[PDB]
Amino acid sequence: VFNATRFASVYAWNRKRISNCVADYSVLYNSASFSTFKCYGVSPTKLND
Amino acid sequence: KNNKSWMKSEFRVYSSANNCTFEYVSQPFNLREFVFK
Ligand SMILES: *[C@@H]1O[C@H](CO)[C@@H](O[C@@H]2O[C@H](CO)[C@@H](O[C@H]3O[C@H](CO)[C@@H](O)[C@H](O)[C@@H]3O)[C@H](O)[C@H]2NC(C)=O)[C@H](O)[C@H]1NC(C)=O
Ligand SMILES: *[C@@H]1O[C@H](CO)[C@@H](O[C@@H]2O[C@H](CO)[C@@H](O)[C@H](O)[C@H]2NC(C)=O)[C@H](O)[C@H]1NC(C)=O
Ligand SMILES: *[C@@H]1O[C@H](CO)[C@@H](O)[C@H](O)[C@H]1NC(C)=O
């Protein structure tokens with residue numbers, strides 16, 4: 001989702017199905033590279049539960 | 001057939017599978033009774 005070498009253009013925006021698996025922010029959010037991480041319907045700490 | 005062995009030659013199930021949403025596959029390898037819900 002993130003480590004992938006070549007992204008789409010926005011004009012060609014890709015989309016993945018994420019299902020039947022465990023979805024942590026525990027790595028994701030804490031990787032200091034993300035200049036933006038802005039959540040609208042839930043707060044960043046409440047994603048894991 | 002001639003080779004004195006049994007092997008698969010047809011999988012005549014379907015012709016398209018567009019939006020896939022669940023998948024599982026096992027590790028690879030009388031009365032049989034089942035209930036489905
Ligand atoms: C993208 O893939 C990268 C490679 O797997 C991954 O980088 C790795 O990130 C973790 C932290 O989440 C680092 O873990 C280590 O951090 C320090 C190193 O001194 C130790 O305290 C820890 O015990 C642990 O060994 C890895 O060092 C780091 N590896 C590299 C090559 O940078 C990213 O986190 C992935 N990011 C995303 C968003 O997928
Ligand atoms: C499943 O794939 C089909 C194939 O395109 C998608 O169906 C389209 O859906 C849009 C929005 O309702 C319609 O305007 C199109 O006419 C549909 N085309 C066809 C061929 O059905 C459908 O959206 C996909 N389902 C999901 C959940 O993404
Ligand atoms: C016989 O078995 C082999 C696999 O060992 C297979 O390649 C071949 O197509 C089979 N032929 C027939 C006619 O069953």
# chains A, B, ... in the order shown; residues from 1 in each chain; ligands from 1

$ interface_residues --of "chain B" --to "chain A" --cutoff "9 Å" --atoms "only C-alpha atoms" --output "PyMOL selection string"
chain B and resi 20-23

$ residues_near_ligand --ligand "ligand 1" --cutoff "7 Å" --atoms "only C-alpha atoms and all ligand atoms" --output "PDB file with C-alpha atoms, in the first residue's frame"
ATOM      1  CA  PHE A   2       2.910   2.366   0.898  1.00  0.00           C
ATOM      2  CA  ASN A   3       6.304   0.675   0.216  1.00  0.00           C
ATOM      3  CA  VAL A  27       3.665   0.777  12.422  1.00  0.00           C
ATOM      4  CA  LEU A  28       1.788   2.827   9.822  1.00  0.00           C
ATOM      5  CA  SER A  31       6.510   5.985  10.503  1.00  0.00           C
TER       6      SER A  31
END

$ residues_near_ligand --ligand "ligand 3" --cutoff "6 Å" --atoms "only C-alpha atoms and all ligand atoms" --output "JSON, numbers by chain"
{"B": [1, 2, 3, 5]}

$ residues_around --residues "residue 49 of chain A" --least-positions-apart "5" --cutoff "12 Å" --atoms "only C-alpha atoms" --output "ChimeraX atom specification"
/A:22-26,42-44

$ write_last_selection --atoms "N, CA, C and O atoms" --output "compact mmCIF listing (two decimals), in the first residue's frame"
# COMPACT_ATOMS: atom_id res chain seq x y z
N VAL A 22 -5.73 -8.25 9.69
CA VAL A 22 -5.58 -7.28 10.79
C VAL A 22 -4.87 -5.99 10.37
O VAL A 22 -3.77 -6.02 9.81
N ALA A 23 -5.50 -4.85 10.60
CA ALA A 23 -5.08 -3.57 10.06
C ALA A 23 -4.54 -2.62 11.15
O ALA A 23 -5.29 -1.83 11.72
N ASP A 24 -3.23 -2.68 11.47
CA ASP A 24 -2.67 -1.84 12.52
C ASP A 24 -2.36 -0.42 12.03
O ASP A 24 -1.80 -0.25 10.94
N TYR A 25 -2.59 0.60 12.86
CA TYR A 25 -1.83 1.85 12.70
C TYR A 25 -0.45 1.77 13.38
O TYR A 25 0.34 2.68 13.18
N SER A 26 -0.16 0.73 14.16
CA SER A 26 0.95 0.66 15.13
C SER A 26 2.31 0.92 14.47
O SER A 26 3.08 1.72 14.97
N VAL A 42 -12.98 9.33 12.58
CA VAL A 42 -12.40 8.72 13.79
C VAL A 42 -11.04 9.34 14.15
O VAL A 42 -10.31 9.78 13.24
N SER A 43 -10.67 9.30 15.44
CA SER A 43 -9.38 9.83 15.86
C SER A 43 -8.27 8.77 15.70
O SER A 43 -8.54 7.57 15.76
N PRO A 44 -7.01 9.19 15.51
CA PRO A 44 -5.96 8.28 15.03
C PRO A 44 -5.70 7.12 16.01
O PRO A 44 -5.49 5.98 15.61

$ select_by_dssp --residues "chain A" --states "helix (DSSP H, G or I)" --output "list in words"
residues 10, 11, 12, 28, 29, 30, 44, 45 and 46 of chain A

$ write_last_selection --atoms "N, CA, C and O atoms" --output "compact mmCIF listing (two decimals), in the first residue's frame"
# COMPACT_ATOMS: atom_id res chain seq x y z
N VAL A 10 -2.63 10.47 -10.19
CA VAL A 10 -3.98 10.78 -9.73
C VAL A 10 -5.01 10.54 -10.82
O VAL A 10 -6.04 9.92 -10.56
N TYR A 11 -4.77 10.95 -12.08
CA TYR A 11 -5.71 10.72 -13.20
C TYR A 11 -6.09 9.23 -13.35
O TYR A 11 -7.19 8.91 -13.82
N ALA A 12 -5.21 8.35 -12.89
CA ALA A 12 -5.34 6.91 -12.89
C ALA A 12 -5.38 6.29 -11.47
O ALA A 12 -4.98 5.13 -11.35
N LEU A 28 2.18 1.92 10.89
CA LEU A 28 1.79 2.83 9.82
C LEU A 28 1.85 4.29 10.26
O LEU A 28 2.62 5.07 9.70
N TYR A 29 1.08 4.66 11.27
CA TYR A 29 0.97 6.01 11.80
C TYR A 29 2.29 6.54 12.34
O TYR A 29 2.60 7.73 12.21
N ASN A 30 3.08 5.67 12.96
CA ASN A 30 4.31 6.02 13.65
C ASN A 30 5.54 6.12 12.76
O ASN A 30 6.59 6.58 13.22
N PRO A 44 -7.01 9.19 15.51
CA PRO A 44 -5.96 8.28 15.03
C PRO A 44 -5.70 7.12 16.01
O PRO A 44 -5.49 5.98 15.61
N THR A 45 -5.81 7.37 17.30
CA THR A 45 -5.64 6.34 18.32
C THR A 45 -6.76 5.29 18.34
O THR A 45 -6.51 4.16 18.75
N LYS A 46 -7.98 5.63 17.90
CA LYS A 46 -9.12 4.70 17.93
C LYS A 46 -9.28 3.84 16.67
O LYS A 46 -10.28 3.14 16.53

$ atom_distance --atom1 "atom CA of residue 6 of chain A" --atom2 "atom CA of residue 24 of chain B"
28.0 Å

$ closest_residue --among "A:48, A:16, A:33, A:40" --to "ligand 2" --atoms "only C-alpha atoms and all ligand atoms"
A:16

$ decode --residues "segment 21-34 of chain A" --atoms "C-alpha atoms" --output "PDB file, in the first residue's frame"
ATOM      1  CA  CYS A  21      -6.768  -9.397   7.817  1.00  0.00           C
ATOM      2  CA  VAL A  22      -5.578  -7.285  10.785  1.00  0.00           C
ATOM      3  CA  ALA A  23      -5.076  -3.567  10.063  1.00  0.00           C
ATOM      4  CA  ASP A  24      -2.667  -1.837  12.522  1.00  0.00           C
ATOM      5  CA  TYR A  25      -1.829   1.847  12.702  1.00  0.00           C
ATOM      6  CA  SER A  26       0.948   0.663  15.125  1.00  0.00           C
ATOM      7  CA  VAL A  27       3.665   0.777  12.422  1.00  0.00           C
ATOM      8  CA  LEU A  28       1.788   2.827   9.822  1.00  0.00           C
ATOM      9  CA  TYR A  29       0.969   6.009  11.798  1.00  0.00           C
ATOM     10  CA  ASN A  30       4.308   6.017  13.655  1.00  0.00           C
ATOM     11  CA  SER A  31       6.510   5.985  10.503  1.00  0.00           C
ATOM     12  CA  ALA A  32       7.872   9.571  10.641  1.00  0.00           C
ATOM     13  CA  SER A  33       7.712  10.005   6.802  1.00  0.00           C
ATOM     14  CA  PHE A  34       3.971  10.745   6.671  1.00  0.00           C
TER      15      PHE A  34
END
